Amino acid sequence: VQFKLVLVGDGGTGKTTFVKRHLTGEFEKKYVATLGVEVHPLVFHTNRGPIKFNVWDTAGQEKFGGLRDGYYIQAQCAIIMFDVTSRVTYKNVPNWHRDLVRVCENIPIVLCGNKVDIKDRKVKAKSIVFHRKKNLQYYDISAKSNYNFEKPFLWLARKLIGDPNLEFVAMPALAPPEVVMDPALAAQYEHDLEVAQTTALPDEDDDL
C-alpha cells in the first residue's frame, strides 16, 4: 500500500527539512541544497492499516534541477511548498504547479506555506488564494514549530485511501528487551558519553 509523493517548490522553502522532520524527528538548521532528487520511504499508521509514501524530495534550485519534471512521472500525489517569509517563492507557485499538472493531470495536491514560525511574515494569509481555482488543499505549516506538520500527509492519505474518517493511530509498543551493558567497552562508553555531555543541546531558549 505505497504511493509516490512528489515534493516541489523553490529553493530554501524547507522541502527536505520537512521530510527529514517526518523521517527521524530532527530539525536541520543547515541549508544543503538538494541535488536532483532524494527518495525516502515514509510510513504512517492509520486506523485503516499502514500507508507508505515514497517521497521524491525534488530540488528547488534551477542549477541543481536534475531531471526536473522527469521526477513527476507516475506520481500519485504531490506537495507544492513556498516560504511565507519570501514573497517570490509564492510568486513561482503557479510555475511549479504548471509543470506538475502537465505530467500528473489528476492527483491530490497540497499547497504548503512553510516557515510560519518566523514572526516577520511577508506572504499575508488573505493574499494566499492560488489554491482556490485549482482545487488544491492549503495549510500553514512550520517544520521548526511542527505547526500543522501532520496535516499534508493526513489529507493526502484520506484522498488516496478514499476514507474521509481515516485517522492516525498509535503504533503497537513491542516489549523492550533486557540487555546488560558490555563490560568490554564499558570502560570506553565514557568516551562516547563525555563528548555528549560537553556538547550543548541545541535551542536552549525553546520552551522544551
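When you see a residue number, it is the position in the sequence shown, counting from 1.
Comparing 40 to 48 with 167 to 175, the higher mean C-alpha B-factor in the PDB entry belongs to 167 to 175. Higher mean CA temperature factor between 21 to 29 and 180 to 188: 180 to 188, per the PDB entry. Of the candidates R68, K151, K159, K144, the deposited coordinates give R68 the top C-alpha B factor.
In the PDB entry, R121 places in the middle third of its chain by CA B-factor. When the CA B factors of the chain's modelled residues are split into thirds, the value for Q74 lands in the highest one. When all modelled residues of the chain are sorted by CA temperature factor, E105 is found within the highest third.
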